[PDB]
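What follows is calculated from the coordinates using simple rules that are stated; it is not laboratory data. Neighbour counts are summed over all protein chains in view; Cβ atoms, including those assigned to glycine, are modelled from backbone coordinates with ideal geometry.
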Amino acid sequence: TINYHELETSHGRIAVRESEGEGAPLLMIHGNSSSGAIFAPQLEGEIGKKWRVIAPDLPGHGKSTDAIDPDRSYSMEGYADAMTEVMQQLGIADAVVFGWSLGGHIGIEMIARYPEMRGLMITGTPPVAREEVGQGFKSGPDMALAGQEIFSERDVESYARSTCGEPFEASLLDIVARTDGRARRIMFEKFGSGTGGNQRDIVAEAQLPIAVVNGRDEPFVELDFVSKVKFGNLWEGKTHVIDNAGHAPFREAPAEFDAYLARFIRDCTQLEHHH
Ligand SMILES: CCCC(=O)N[C@@H](CCO)C(=O)O
């Protein structure tokens, strides 16, 4: 059973899905124009059966309302504020965080806001300073849509297919079509302007374990760039790459992805801790 409920937050009404796992909590943060529903394989599978998986919808996304104040909410740092508020309301201070793409950038901005975070895993996310956006991401037509407010029908399909990978289904179009397009435009502009904390410096200086897991056929992220990013505490000492997966290995290759995620959660929550 996945438990669905809604929170009244300062950002708006936020939808939250939780598994019934008895173990340590995992906050999973979805990507641009997606929804926590995308994490069905984890919510409903072995990960969610053991651990308390929490998969909200960002303001403007999924089953959440649009933001009360788009100018406050629709940015990497604004979303980080919102997720921190969600975790406050849920009464959970020590989650492991998994962030997918935009969600990974949000997770990076959460490091300063959510001090008892036990670890952060980022997938589809190159930590970049504002001037490095061109280096960390692959230029292309779908990448261009990340910051585009108005999507045509073909835009919705192209973006959904490229972000979610195989297998595709119609429900994904519904998720992407719902997204408040203002959120795309404002977030991307603010990202390029560096309105939040410099993510390159944040990950270099962060002491908590940071895990990096990507699909080899990533269409958005430059894996060469990612493999050169300095992390304060890179989990297992390297960035990880999964064959036969692209931007969304958690759904494209769930068993292989789950091996990494489960091991990371175990390492961050059930190993003896020494400074
Ligand atoms: C570029 C800002 C972060 C972002 O929107 N990432 C996208 C991938 C690129 O289209 C995502 O969240 O999937």
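What do you get for Rg/Rh of the stretch 4-139 when both radii come from the Cα atoms and Rh is the Kirkwood radius?
0.95
Across the stretch 242-249, in residue order, what do the Karplus-derived ³J(HN,Hα) couplings come to in whole Hz, using 6.51 cos²θ - 1.76 cosθ + 1.60 with θ = phi - 60° and x for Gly and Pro?
Residue by residue, the stretch 242-249 yields 9, 5, 6, 8, x, 6, 10, x Hz.
So for the stretch 91-245, averaging the separation of alpha carbon pairs under 8 Å that are six or more residues apart and normalising by length, what relative contact order in percent results? Before the final figure, lay out the partial values.
Numbers: 239 pairs, mean separation 42.7, N = 155.
This gives 28 percent for the stretch 91-245.
Would you calculate a helix-derived [θ] at 222 nm for the chain, using -39,500 (n - 2.57) for each DSSP H run of n ≥ 4 and dividing by the full residue count, to the nearest 500?
-11000 deg cm²/dmol
Whose amide H sits under 5 Å from the amide H of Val221, counting only residues 5 or more places off or on another chain, with H placed in the peptide plane?
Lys138
Once each part is reduced to its C-alpha centroid, what is the distance from the stretch 45-83 to the stretch 108-162 in angstrom?
Rounded to whole Å, the Cα centres lie 15 Å apart.
Taking H as built 1.01 Å from N, whose amide H comes closer than 5 Å to the amide H of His240, not counting residues under 5 places away?
Under 5 Å from the amide H of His240: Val212, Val213, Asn214.
Please give me the summed charge of the neighbours of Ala129: other residues whose Cβ is under 15 Å from its Cβ, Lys and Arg +1, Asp and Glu -1.
Spelling it out: positives minus negatives among the neighbours equals -2.
Can you tell me the length gained on complete extension of the stretch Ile2 to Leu234, counting 0.36 nm per residue apart and subtracting the Cα distance? Don't skip to the answer; put the middle values down first.
Working: separation 232, 0.36 × 232 = 83.52 nm, distance 3.18 nm.
Going from the current span to full extension adds 80.3 nm.
From Cα coordinates alone, what are the radius of gyration and Dmax values for the stretch 106-226 in angstrom?
Answer for the stretch 106-226, Rg first and Dmax second: 15.2, 44 Å.
How would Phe250, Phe168, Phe191, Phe137 line up from fewest to most surrounding beta-carbon atoms within 10 angstrom? Mind showing how you got there, number by number?
Numbers: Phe250 27, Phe168 12, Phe191 21, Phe137 18.
If I rank by nearby Cβ atoms, fewest first, I get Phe168, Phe137, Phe191, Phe250.
Please report how many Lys pairs in the chain have alpha carbons closer than 29 angstrom, counting only residues at least 8 apart along the chain or sitting on separate chains.
13
Farthest toward the dipole's positive end in the chain, which of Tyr114, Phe39, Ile186, given Cβ charges of +1 (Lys, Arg) and -1 (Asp, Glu) about the Cα centre?
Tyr114
Treating the beta-carbon of each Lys and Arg as +1 and of each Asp and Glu as -1, no other charges, what is the dipole magnitude of the chain about its Cα centre, to the nearest 20 debye? List each step's numbers first, then the result.
Details: 26 positive and 42 negative charges, 52 e Å.
Using Cβ point charges on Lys, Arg, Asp and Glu, the chain gives about 260 debye.
By counting other Cβ atoms within 10 Å of each Cβ, how are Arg263, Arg184 ranked from fewest to most?
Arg263, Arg184
Can you sort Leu234, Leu90, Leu102, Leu43 so the residue with the fewest Cβ neighbours within 10 Å comes first? Show your work: numbers first, answer last.
Working: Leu234 15, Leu90 18, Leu102 27, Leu43 23.
Starting with the residue having the fewest Cβ neighbours, the order is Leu234, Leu90, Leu43, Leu102.
Give the dimensionless ratio obtained when the Cα radius of gyration of the chain is divided by 2.2 N^0.38 Å.
It is 0.90.
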